[PDB]
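Protein sequence lines correspond, in order, to chains A and B. Take this note's numbering: the last position of the first sequence gets the number 197, and nothing is skipped along the way. Take this note's numbering: the last position of the second sequence gets the number 197, and nothing is skipped along the way. Built from N, CA and C at the ideal position, the CB exists for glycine as well. To start, the structure under review is shown below, and the notes come after it.
There are 2 protein chains.
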Amino acid sequence: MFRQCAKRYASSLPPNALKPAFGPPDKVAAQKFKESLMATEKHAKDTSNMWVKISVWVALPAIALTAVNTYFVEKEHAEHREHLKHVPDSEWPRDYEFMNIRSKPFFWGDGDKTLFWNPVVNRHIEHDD
Amino acid sequence: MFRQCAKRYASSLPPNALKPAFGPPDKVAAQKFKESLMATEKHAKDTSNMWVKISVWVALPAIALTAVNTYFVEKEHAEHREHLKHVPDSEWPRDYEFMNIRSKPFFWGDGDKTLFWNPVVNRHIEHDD
Numbered sequence: 069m070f071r072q073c074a075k076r077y078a079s080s081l082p083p084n085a086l087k088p089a090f091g092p093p094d095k096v097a098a099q100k101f102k103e104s105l106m107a108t109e110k111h112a113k114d115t116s117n118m119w120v121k122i123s124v125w126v127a128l129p130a131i132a133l134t135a136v137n138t139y140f141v142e143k144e145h146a147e148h149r150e151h152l153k154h155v156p157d158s159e160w161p162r163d164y165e166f167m168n169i170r171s172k173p174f175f176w177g178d179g180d181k182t183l184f185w186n187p188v189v190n191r192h193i194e195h196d197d
Numbered sequence: 069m070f071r072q073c074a075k076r077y078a079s080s081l082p083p084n085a086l087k088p089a090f091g092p093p094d095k096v097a098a099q100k101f102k103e104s105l106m107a108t109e110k111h112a113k114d115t116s117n118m119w120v121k122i123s124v125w126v127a128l129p130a131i132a133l134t135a136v137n138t139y140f141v142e143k144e145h146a147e148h149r150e151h152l153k154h155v156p157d158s159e160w161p162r163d164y165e166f167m168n169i170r171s172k173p174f175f176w177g178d179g180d181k182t183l184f185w186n187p188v189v190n191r192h193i194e195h196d197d
């Protein structure tokens, strides 16, 4: 019976459960910017895989130097002598066999046919196995 | 006279969709920049400069071993001093012929006489067949 004790000018019905807002905001560029991003996909490809992959890149030209440095380290020792002496000729395994054909180059020599009886034994005549 | 009214219909609705409006050049370039200056400042990054910057970081450790290698080879003659007599003869092109001409200056030398029997091959030619 008693409702609204004031005379209105136009029929209306303000909000009660929902607020339609009676004032258009100002910040509208913040939406069109974030909205364009959503659909527009920029993230792609694996950047982490390519990043670490660079390691091997510089690791190739780098080791190339360190690799040669090693040989240079023992270069001083190599030139030096400690074991494996090289003086006599008998030590040479090739010599013996080479001595055979050596009979031609020199041609002249002492005891060629007689000395030949030595190597001929190394040949060893086989029959079957 | 006049009879222009603003609100006549008792049922209005905000235009959901609008119509296109073409015309003269709008130029979105000058606006793209003016928009950034509006609130935010100019700003200027330089992450790319980090690529060359790191170059020095890795250039320190690398050159470290490189520098040490410089003295390493120098230690060669250092440790093994006293070297009046040469060695490489076939390597150095000059050496070979040099040993021949040196036969005079030296005058007296042991081992050069017999060895001289080899270089002579170059002096005289050999015609076979």
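Next item on the list: Check the C-beta distance from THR134 of chain B over to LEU133 of chain A and give it rounded, since I have them as a contact under 8 Å.
Entry: Confirmed, about 6 Å.
Next item on the list: Using three-state DSSP, classify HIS145 of chain B as helix, strand or coil.
Entry: If DSSP states are grouped into helix, strand and coil, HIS145 of chain B belongs with the helices.
Margin query: Please return the same chain residues whose Cβ sits closer than 8 Å to the Cβ of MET106 of chain B, not counting the five positions on each side in sequence.
Written below: There are no such residues.
Checklist line | chain A residues whose Cβ lies nearer than 8 Å to that of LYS143 of chain B | finding: Chain A residues near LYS143 of chain B: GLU144.
Margin query: Going by DSSP, what residue range makes up the alpha helix (DSSP H) through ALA85 of chain A?
Written below: Taken as a continuous stretch (DSSP letters only), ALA85 of chain A belongs to no alpha helix (DSSP H), as it is neither H nor E.
Checklist line | Contact the stretch 165-183 of chain A vs the stretch 166-175 of chain B: 3+ CB pairs below 8 Å | finding: Judged by pairs of C-beta atoms under 8 Å, the stretch 165-183 of chain A does not touch the stretch 166-175 of chain B, as fewer than three such pairs exist.
Margin query: Using a Cβ-Cβ cutoff of 8 Å, what residues of the stretch 109-132 of chain A are near chain B? List them in chain order.
Written below: For the stretch 109-132 of chain A, the residues whose beta carbon sits under 8 Å from a beta carbon of chain B are, in order, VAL126, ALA130.
Check: By how many angstroms is the C-alpha of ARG76 of chain A removed from the C-alpha of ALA85 of chain B?
Finding: If you take the alpha carbons of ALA85 of chain B and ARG76 of chain A, they lie about 34 Å apart.
Notebook entry, point to check: At a CB-CB cut-off below 9 Å, which residues of chain A make contact with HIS148 of chain B?
Noted result: Here the neighbours are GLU144, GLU147, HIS148.
Notebook entry, point to check: Which of helix, strand or coil does DSSP assign to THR115 of chain A?
Noted result: Helix.
Notebook entry, point to check: Taking Cβ to Cβ, would you say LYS143 of chain B is nearer than 8 Å to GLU144 of chain A?
Noted result: Yes, they are a contact pair.
Margin query: What does the alpha-carbon distance come out to for the pair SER158 of chain A and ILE193 of chain A?
Written below: Going from the Cα of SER158 of chain A to the Cα of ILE193 of chain A covers about 24 Å.
Note to self: Counting only beta-carbon separations shorter than 8 Å, does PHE140 of chain A have a partner in chain B?
What the structure shows: At least one CB atom of chain B sits nearer than 8 Å to the CB of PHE140 of chain A.
Notebook entry, point to check: Closer than 8 Å, CB to CB, is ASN137 of chain A near chain B or not?
Noted result: The beta carbon of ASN137 of chain A falls within 8 Å of a beta carbon belonging to chain B, placing the residue at that interface.
Item checked: Under 9 Å by beta carbon: chain A residues contacting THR134 of chain B -> Listed by position along chain A, the residues whose Cβ is nearer than 9 Å to that of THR134 of chain B are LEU133, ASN137.
Margin query: DSSP three-state label for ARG76 of chain B, please.
Written below: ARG76 of chain B carries a coil assignment under DSSP once its states are collapsed to helix, strand and coil.
Item checked: Close beta carbons around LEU183 of chain B, own chain, < 8 Å, minus the five adjacent residues each side -> So the qualifying residues of the chain are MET167.
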